[PDB]
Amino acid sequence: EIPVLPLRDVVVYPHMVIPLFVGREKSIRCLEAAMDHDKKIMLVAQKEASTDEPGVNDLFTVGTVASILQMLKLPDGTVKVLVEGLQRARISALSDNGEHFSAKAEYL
């Protein structure tokens, strides 16, 4: 139902518009998944922000569904993505298929 992007450094809330930097392949995979759909992605913070390769157990289950407004792939392959927080949601079934995180969300 929706790709999930883990965020460690910032906490994005509804109405915030923020340019994010995404240099990890999996997370890039995650953005592309959202683009291939309706540009919506689920932003969640990490319980333990201590690892940059979180597992499903390291993600919070409430976050902010956001829309991807602009995305551009830089020379080195890293991505700059502009997102806008739309509204809060709860995650219900965090899955990890290898490609990127995904889940079923319920708008709050």
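One-based numbering along the sequence shown.
When the mean C-alpha temperature factors of 89-97 and 18-26 are read from the deposited coordinates, 89-97 comes out higher. For the two regions 44-52 and 61-69, the entry's Cα B-factors average higher over 44-52. Residue-level temperature factors show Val83 in the lowest third of its chain, judged at the C-alpha atom. Sort the chain's modelled residues by C-alpha temperature factor and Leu74 lands in the highest third, per the entry. In the deposited entry, the Cα temperature factor of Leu31 sits in the bottom third of values across the chain's modelled residues.
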